[PDB]
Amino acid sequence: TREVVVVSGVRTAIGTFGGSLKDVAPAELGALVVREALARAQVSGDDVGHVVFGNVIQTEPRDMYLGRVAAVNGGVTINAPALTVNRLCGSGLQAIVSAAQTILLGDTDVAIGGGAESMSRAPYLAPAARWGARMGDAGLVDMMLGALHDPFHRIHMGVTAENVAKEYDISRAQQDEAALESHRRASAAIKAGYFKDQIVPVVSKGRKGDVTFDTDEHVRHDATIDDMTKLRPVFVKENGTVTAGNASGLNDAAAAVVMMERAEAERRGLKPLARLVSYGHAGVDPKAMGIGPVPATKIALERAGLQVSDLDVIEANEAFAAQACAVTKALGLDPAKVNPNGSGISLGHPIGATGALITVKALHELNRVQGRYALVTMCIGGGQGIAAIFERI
């Protein structure tokens, strides 16, 4: 019946684990990008009617309420439905999608989809604090590792990486160089000034006056090959390929898009940056969750009626080169049209924001090269994949 477009799209820069976003809570990162994406959209908060955020790890009680706090804190009416959502790595896109969905079904004609994730502030739980340990030592569980660990086989996503690396024969040397690359593309992209407009800086009050964060700090410009073959496989003793060097970072960030029913954009006469074409999810094997994008991507393409190499730009996420290389191959993607600015290996992987962050990236590149069609996807821990495609205006 109906149609949805993206008026604005914006993000914080990405922090390193316990770096420059350390002291900034997901509620705050999120409120900001909400407020900023309105400004660009030239849109009042009064006239928004749904918000969805993706987040995984609760830093604090607000995060239970996170999507209402990001929305309300960033100017949106208290009269607006807001929902936080979790699909692990895919949460940010998924928030985009569930935002999309309500408009599609006429729940409203203005929706915001975003995400926020502050791994530096992930907590430790004390599972025995409520009802006590009578006796014997006890635990303080790292929730962040919690999040990075398959909930059936109690293993790290990096372990699942080895699996897909072996299943598709992606050698260490694919991964190390895919990584060295991601850095190149990012550092270049950064120097090239490519992200300036999509990034919203975070004014942080600090001693000696304020301090402001605008530049994705995970990326490395001295990017050497022998830098990053010096690493040893971190997730397995014998037969290792996956390293710190070739794996996703742990990172802090937010991201939002303002969306609209096409008509309402015309009635506003705002120039969107794209329409939603289609989207498709999937559950792949948990022990190889890293390829979920491939099935999801195949599905999404169908319902668009479009095919591979209709694809001007792809942002599909580098959880690990081991899986990113795999996902490129099985789909026969063209390396330099997939993550041309770099990805989770280079800028970082703020898990629950990532899906929404790269969206803002991808849309913003589309405007640089003025291609028409666009693909974002990522693998989701626990054996899932997500994907959407958009179409330049």
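Numbering starts at 1 and runs along the sequence shown.
Averaged over CA atoms, B-factors in the entry run higher in 357 to 365 than in the other of 24 to 32 and 357 to 365. When the C-alpha B-factors of 201 to 209 and 171 to 179 are averaged, 201 to 209 comes out higher.
Taking the PDB entry at face value, the top CA B factor among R121, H156, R267, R87 belongs to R267. Note on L276, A192, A255, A247: the highest value goes to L276, judged by CA B factor as recorded. Annotation for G342: C-alpha temperature factor in the middle third relative to the rest of the modelled chain, per the entry.
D46: CA B factor lies in the middle third for its chain, per the PDB record. Ranked by Cα temperature factor within the chain, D214 sits in the middle third according to the deposited record.
In the PDB entry, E162 places in the middle third of its chain by CA B-factor. When the modelled residues of the chain are ordered by their C-alpha B factor, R232 lands in the middle third.
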